[PDB]
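What follows is one structure encoded as C-alpha cells, with my remarks underneath.
Virtual Cβ from ideal backbone geometry, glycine too; neighbours counted across all protein chains shown. Taken together, the values in this text are just the output of simple stated rules run on the coordinates, not laboratory data.
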Amino acid sequence: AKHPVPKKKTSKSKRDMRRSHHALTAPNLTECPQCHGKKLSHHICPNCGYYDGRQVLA
Amino acid sequence: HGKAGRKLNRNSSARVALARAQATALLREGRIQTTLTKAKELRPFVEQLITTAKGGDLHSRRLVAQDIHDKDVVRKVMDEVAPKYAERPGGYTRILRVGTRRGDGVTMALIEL
Amino acid sequence: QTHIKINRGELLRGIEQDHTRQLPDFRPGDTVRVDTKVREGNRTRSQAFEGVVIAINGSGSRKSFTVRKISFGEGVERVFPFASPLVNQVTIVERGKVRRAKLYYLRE
Amino acid sequence: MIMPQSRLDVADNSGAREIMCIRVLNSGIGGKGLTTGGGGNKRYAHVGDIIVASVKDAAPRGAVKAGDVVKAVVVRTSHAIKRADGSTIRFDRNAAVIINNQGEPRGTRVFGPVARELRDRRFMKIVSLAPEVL
Amino acid sequence: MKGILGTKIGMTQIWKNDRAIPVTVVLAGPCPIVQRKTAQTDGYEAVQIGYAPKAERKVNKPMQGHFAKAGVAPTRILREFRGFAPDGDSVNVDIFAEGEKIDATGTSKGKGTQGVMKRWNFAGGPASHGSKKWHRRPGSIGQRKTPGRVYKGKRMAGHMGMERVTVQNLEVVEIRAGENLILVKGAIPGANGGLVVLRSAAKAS
RNA sequence: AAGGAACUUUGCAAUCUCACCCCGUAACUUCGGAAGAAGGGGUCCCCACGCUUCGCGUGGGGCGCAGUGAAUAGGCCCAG
RNA sequence: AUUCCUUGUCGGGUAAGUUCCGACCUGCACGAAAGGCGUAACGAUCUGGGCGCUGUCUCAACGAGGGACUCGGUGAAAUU
RNA sequence: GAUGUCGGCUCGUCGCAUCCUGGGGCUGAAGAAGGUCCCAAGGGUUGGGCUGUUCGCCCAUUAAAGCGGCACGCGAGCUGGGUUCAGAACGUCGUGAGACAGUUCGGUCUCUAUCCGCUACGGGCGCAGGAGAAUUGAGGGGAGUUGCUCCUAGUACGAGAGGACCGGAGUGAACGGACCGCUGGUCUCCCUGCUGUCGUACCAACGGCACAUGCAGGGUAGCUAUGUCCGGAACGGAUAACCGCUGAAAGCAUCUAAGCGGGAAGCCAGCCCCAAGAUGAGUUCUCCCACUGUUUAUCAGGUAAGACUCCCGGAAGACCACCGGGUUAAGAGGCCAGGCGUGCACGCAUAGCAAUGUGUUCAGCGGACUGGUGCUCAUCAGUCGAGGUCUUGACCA
C-alpha cells in the first residue's frame with residue numbers, strides 16, 4: 001500500500017519547530033530618483049518607466 | 001561536475017528553434033520582452049548573428065539565411081541594421097530586467113537592439 | 001582560486017618550445033619514419049617504420065602522428081610524438097589524396 | 001589487455017592455432033626456471049606476460065593437440081603498449097607464443113612481428129625467431 | 001618545513017633525456033613575509049607568507065594595518081608554515097632544488113554531490129536480471145534488531161571533492177627561476193588557477 | 001578502449017541478423033517438406049547501347065567511410 | 001517429466017560438468033488403448049550444446065531527455 | 001487484530017578456538033622444506049566449471065586461498081533459483097474425492113520516510129565590545145597487505161644433492177588518492193558526408209522531419225579509465241609470547257620477590273584529513289572607538305570600523321553555502337587576434353555529352369580554450385552594524 005507512514009501526529013509544537021524558516025524576506029524597495037516612488041533596485045521603475053531615461057512606455 | 005557552457009530546458013532541436021524564433025523578432029522589432037533568462041540566452045546568438053550579416057557579400061547573406069527563415073527580416077538585418085553597427089565593435093544589444101510577472105511568478109525583462 | 005593576473009597560455013608555451021620539433025609536411029599518404037632503437041643492451045639499433053599516416057592529433061610538445069603498417073601478415077600502428085627523442089627524421093614518400101583528417105576507415 | 005575467456009592467435013608452429021586464456025599468471029620468468037606468480041590476482045595480461053591457456057584449435061599433425069592445457073606468453077596485444085619515449089604500439093590482433101617451463105617456445109619459429117617488450121621480459125629465445133621486433 | 005605558495009598552471013610533455021615525462025607546471029610566485037610567529041608570542045614557531053597581489057582599493061582597513069605592520073603590500077592570501085624563517089621574502093630559488101621530492105598540496109576539484117559507486121566505489125548491482133536498484137544505490141545499511149541503527153561512518157552519497165589533499169614525493173624536475181616557475185612530475189591537486197602549496201617531503205624514503 | 005557470457009537460476013536483457021534480386025542449400029522424410037535451410041554476391045549516380053515498358057540487362061565512367069546509403073525491416077545451427 | 005540410495009557406473013563434450021547425450025542395468029515403486037515403443041513436419045513449449053553479437057559481466061564512463069532540486073499558482077494520501 | 005521463509009547479490013562490521021603475512025619455545029630441528037605449542041586479529045584471504053544451493057567435488061593459481069557471530073546480518077535494499085497457494089504430468093497410495101518421503105513445466109514480491117540512526121549542506125544563538133584575517137590542537141577519522149629477482153653468497157650448512165638466517169637493493173600485483181599531459185572513451189548540433197520528403201517561386205544555396213542527434217565520419221574543453229603520478233615507510237616509546245644482567249628467601253641454583261635490559265604486521269607517537277558547540281567555547285596580528293535620548297516616549301536611534309541586499313559570473317553548488325567582479329571596472333557576453341576541430345565553402349572560371357574533376361582554397365564554418373579591447377550589462381540605492389557587567393588581584397606616576 002502506502003509503505004512508509006508516520007508513527008504519530010506531530011505536536012502543534014514540533015510542527016512549528018519546523019516552520020521557523022518559511023518567513024518571507026521583505027523586498028528591498030528603493031526610492032526612484034525621479035518619480036521618487038519606490039522601485040526594485042536594478043529593474044525599471046514600474047511607475048515612471050525610467051532607468052536613467054524612460055524605457056517602458058508610461 | 002557540470003563545467004560546460006550553454007543553456008537548455010527543451011531538447012536539442014528546440015533550443016535551436018527558440019533562439020532562431022526570438023532571433024528573428026528582436027531583429028524584426030528592435031525590442032521584444034521575454035522571460036529574463038531566455039533573453040540572456042538570446043543575446044550572444046543574435047549578436048554573433050548580427051556580426052555575420054556585417055559582411056555584405058552573398059556568402060554572409062546566405063549564412064544568415066540559415067538562421068532567419070523570413071526573407072524580409074534577413075534583408076532588414078542584411079541591409080538596414082547590419083550596415084549601421086559597422087563603426088561599433090560588435091556589442092549592441094542590451095537587457096533591462098523589468099519586474100516579476102503574475103501567473104507564474106517569473107521575472108521578465110527587455111531585450112532591445 | 002588565487003586570482004593572479006596571468007596568461008597561463010604562454011607560461012606553458014615557454015615550458016614547451018624547449019621541447020617542440022617541426023617535421024616535414026605530410027597529412028596522409030606514405031611516410032617513412034626511420035626511428036632509432038637505442039633500447040637494446042647498449043647496442044643502439046635502427047628500425048624504420050613506414051607507411052600511411054592516419055592522424056595528427058596534437059600541437060606543441062604533445063603533437064603527434066600515427067601511421068598504419070602491415071608487418072609480416074599482421075596490421076601495425078605506431079604513435080609518433082614529433083618531438084620524441086627516439087626519432088631521428090621523418091620523410092615523405094608519396095603525398096596522398098584523401099578527404100578527411102582520420103582514415104580509420106582504412107583499418108579494414 | 002588479455003584475460004580469461006579471451007582467445008589469442010598462436011604465433012608459433014607449436015601446432016596450436018588458437019587458444020583460450022585460462023589464467024593470467026604473473027609472468028614469472030627469471031633466475032633458474034620460470035618463477036612462481038607474484039600474487040593470485042592480476043586481472044589483465046599485457047604483452048610479454050605469461051598466461052596459462054587451453055588449446056581450442058590445434059592443427060592436425062603437431063606437438064600440441066586440441067584440448068591441451070598449456071602456458072603461453074602474449075606477444076601482441078591489440079591493446080596499446082606505451083614505450084617510455086612516449087610512443088605507442090598496437091597490433092591488429094592479440095596473439096601469443098606457446099612455451100615451456102623455461103620460457104622456451106614449443107615451436108621452431110614465431111610468425112608475425114613480436115612486441116619489443118619481450119626483450120625486456122627477458123624472453124630471449126622467443127625474440128630470436130621473431131621475424132621482427134617492433 | 002620549508003615551502004612556498006604557488007598557482008597550478010597546467011601539465012604538458014617534457015623529455016628528460018629520452019624518457020618523456022608529464023609535468024605539472026606550477027608557478028610559485030615570490031612570496032612575501034608578513035608575520036613571524038614565535039613560540040614566545042603565539043606560543044609556537046611558524047611564518048606567514050603571502051601570495052597573489054591585491055589592489056589597495058579592495059584592502060579592508062584592518063587588513064592594511066596587518067600588512068602595513070611589515071610594509072609588504074596587501075596580498076589576498078596568507079598561509080602559515082611551521083618551523084621556517086629566511087630573511088626578506090620567500091621565493092623558490094635556492095628553496096627547492098632540481099631533484100628534490102616534494103608534497104604538492106592543492107584543493108581537490110569539487111565533484112558536487114556524488115553517489116556511492118562514485119564516491120566510495122561500491123558496486124551497485126545488476127542491470128538486467130531483475131531490478132529497480134539498477135546499478136547505483138547502496139545495498140543494505142546494516143543488520144537487524146542488533147545495532148538497531150547504522151554505524152557512524154557508513155559510506156553513502158555525499159559531497160565529494162573540495163577537500164584538502166596531499167600527493168607526496170614528487171620529483172621537482174625543472175626549475176625556472178626568473179619566472180617563479182617550477183615543474184613537477186606527476187599530477188598536483190585541484191585545477192589550474194588553484195592555490196597549491198609545495199613543501200619539503202613530509203617524510204620521504 | 002581491451003575482452004567477449006568470464007554475468008547468471010537460465011546470454012533474462014540488449015545487440016548482431018534484418019528488404020528485394022542472383023548463385024548456393026544437409027541430416028532426416030509420410031517425398032509434400034525440412035529451406036529464408038547453412039553460405040556467398042549484388043543494390044548509388046552519369047552516359048551509350050539493346051530490351052516488353054514503369055522498369056531492366058550489358059559496357060564504360062563517376063563520388064563517399066558507407067549506396068534497401070534516412071524509416072519500416074528473420075540472429076543461425078547441433079542434440080533431446 | 002516415472003529412481004529412494006545417487007552427483008550409480010563407464011563413455012561423451014568441457015581446462016574443470018550434481019545438469020545434458022549414449023550405454024549398461026540393481027526397473028526403491030515402466031509396460032502395452034488410465035495405450036507400449038517409434039516418428040517427417042509443426043511449438044511465444046521444456047532441457048543441454050555451439051557459431052555469431054553484444055555493457056550480461058570484467059568495472060564502469062561520457063552524453064541526451066523526463067522526474068528528483070529552486071521560485072510563483074492550486075494542493076492530497078496511508079498513518080496517528 | 002502478522003517477529004516475511006532457503007539461497008544469491010549489495011553493503012558491511014565483530015570474536016578468536018589465526019588461513020597468510022609479524023615474533024617466539026621445543027623438534028626426532030644439519031640447510032633448505034616442515035611438525036608442534038606459545039603471543040599475536042593490522043591488514044589481506046583470487047578467477048572459473050557442476051548444483052537453487054549452503055556445502056562440497058573439480059580447473060588454474062595464490063602468501064593465503066581461516067572458522068564463526070551480527071533475528072542461520074542485510075526483501076520499507078534487489079533478485080526470487082529454492083520451498084510450505086490456484087493449473088498440468090509421471091511414479092507411488094487410495095474403491096473414490098484426494099494424497100505424497102517424491103519428482104516435473106508455470107505461477108502479479110506494495111511510487112510517497114514522521115521519530116532515532118546515517119551521509120552531506122545551511123539558518124539561529126552562543127563564546128562579556130563591534131569587526132577583518134592568520135592559527136594552536138583537546139580530541140577524532142583515514143591508512144595499516146603481499147609476492148618475485150638481484151646482491152651479500154653459490155657463503156654458513158651439507159658425504160653430496162641441494163643451499164640459507166641477518167642485512168642491502170630493486171621490480172610487480174591488488175587496494176586507495178589525486179590527476180587528464182599521454183593513450184583511449186564521450187562529447188545530442190562544434191565541422192562534414194549521405195537518403196526520403198515538405199518548404200524557402202524556380203535553378204543553385206539552405207532549413208524541417210524521419211529520437212527524445214534521421215544516418216554516417218571525426219572532434220576542442222569538460223568529465224572520464226583500461227591512462228598517468230604518488231602512497232602503505234623510517235625512526236621512536238611502551239609491551240606479548242619468548243631470551244636475559246645483578247640476585248636473596250632455600251650458605252648452592254634461580255629472568256625475581258628490591259632492581260635493571262632485549263623483544264612482535266599488534267598498542268601509543270609518527271603520515272594524510274577533520275577539529276574549540278574542546279558552552280572549560282583558546283591563541284595572534286589589524287581596524288572602529290567612546291555618540292544621542294528632561295525622573296512625560298525607561299531603551300532604542302544617527303553611525304565608525306565592517307558587512308549583508310542586489311547585479312554579472314565561477315574550475316563552488318541541489319538550495320543554501322563558497323570564490324570573483326560590480327566604471328577609481330577587463331567580471332561575463334560581444335568584439336579582434338590567436339589556438340584547436342572539421343577538410344576545402346558560396347560564387348565564378350575552366351574540363352567534360354553528363355556524373356563529377358580542377359582552380360580561386362592549407363579554403364569556409366566554428367561550443368566551451370590563450371590573450372587584448374571599455375562595444376553591452378554589472379546603474380541607482382537601501383539594510384543591518386560598536387560604546388564594552390561586576391568582584392578580587394597585580395602594575396602606573
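Assorted remarks:
- Total charge dipole magnitude, chain B, about the Cα centre, Cβ charges on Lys, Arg, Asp, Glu only, Debye to nearest 20: 440 debye
- When Rg and Dmax are taken over the Cα atoms of the protein assembly as shown, they come to 34.0, 105 Å.
- Antiparallel bridge percentage (DSSP; both residues within chain D; nearest 5): 90 percent
- Ranking of E:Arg136, E:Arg57 by count of other Cβ atoms within 10 Å, fewest first: E:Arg57, E:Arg136
- Scaled radius of gyration (Cα, divided by 2.2 N^0.38 Å) that the range B:1-111 gives: 1.13
- Value at 222 nm in deg cm²/dmol, rounded to 500, when DSSP H runs of n ≥ 4 in chain E each add -39,500 (n - 2.57): -1500 deg cm²/dmol
- Candidate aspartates and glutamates - alpha carbon under 20 Å from D:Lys71, same-chain residues fewer than 8 apart omitted: D:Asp9, D:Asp12, D:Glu18, D:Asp49, D:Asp57, D:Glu104, D:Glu117, D:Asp120
- Positive contributions from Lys and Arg (+1) and negative ones from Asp and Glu (-1), summed over other residues with Cβ under 15 Å from the Cβ of B:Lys40, come out at +4.
- Of E:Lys8/E:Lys109; D:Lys56/D:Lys82; E:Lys16/E:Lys101; C:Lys37/E:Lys16; E:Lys8/E:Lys58; B:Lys3/E:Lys109, pairs whose Cα-Cα distance is over 19 Å: D:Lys56/D:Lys82; E:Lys8/E:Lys58
- Placing unit charges on the Cβ atoms of the charged side chains and taking the dipole of the protein assembly as shown about its Cα centre, the candidate lying farthest along the positive direction among D:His79, E:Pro62, D:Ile50 is E:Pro62.
- Ordered by the count of other Cβ atoms within 10 Å of each Cβ, fewest first, C:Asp25, D:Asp57, D:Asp68, D:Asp9 give C:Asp25, D:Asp57, D:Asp68, D:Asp9.
- Peptide-level mean, for B:62-71, of C-beta atoms on other protein chains within 10 Å: 0
- Shape of chain D, Cα gyration tensor, a/c cut at 1.5: rounded
- Among B:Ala23, B:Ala82, B:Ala14, residue whose mean-square fluctuation peaks in a GNM of chain B (springs only between Cα atoms under 10 Å): B:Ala14
- Centroid-to-centroid separation of the range D:73-122 and the range E:25-61 [C-alpha atoms, Å]: 56 Å
- Dividing the mean sequence gap of close Cα pairs (under 8 Å, 6+ apart) by how many residues the range B:51-91 holds gives a relative contact order of 43 percent.
- Going from the residue with the fewest nearby Cβ atoms within 10 Å to the one with the most, A:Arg18, C:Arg21 rank A:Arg18, C:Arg21.
- Neighbour net charge for D:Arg109 - beta-carbon separation under 12 angstrom, K R +1, D E -1: +1
- Peptide E:6-12 has a mean of 5 when you count, residue by residue, the C-beta atoms of other protein chains within 10 Å of its C-beta.
- Computed over neighbours whose Cβ is under 12 Å from that of B:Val106, the net charge equals +3, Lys and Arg +1, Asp and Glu -1.
- The distance separating the Cα centre of the range B:1-68 from that of the range E:83-158 comes to 42 Å.
- Tensor-based shape of chain C (alpha-carbon gyration tensor, a/c under 1.5 rounded, otherwise prolate or oblate): oblate
- Qualifying GluC sites (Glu not before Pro) for the range C:14-94 [loop in DSSP, other Cβ within 10 Å: at most 12]: C:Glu40
- Relative contact order, percent, chain D [alpha-carbon distance under 8 Å, six or more residues apart]: 25 percent
- Contact order normalised by residue count of chain C, Cα under 8 Å, 6+ apart, percent: 30 percent
- DSSP-loop chymotrypsin sites (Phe, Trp or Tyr not before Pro) across the range D:25-134, with at most 16 other Cβ within 10 angstrom: D:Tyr44
- Rounded to the nearest 20 debye, the dipole size of the protein assembly as shown about its Cα centre is 3600 debye, using +1 on the Cβ of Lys and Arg and -1 on the Cβ of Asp and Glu.
- Estimated 222 nm signal from helices in chain D, with DSSP H stretches of n ≥ 4 weighted -39500 (n - 2.57), rounded to 500: -1000 deg cm²/dmol
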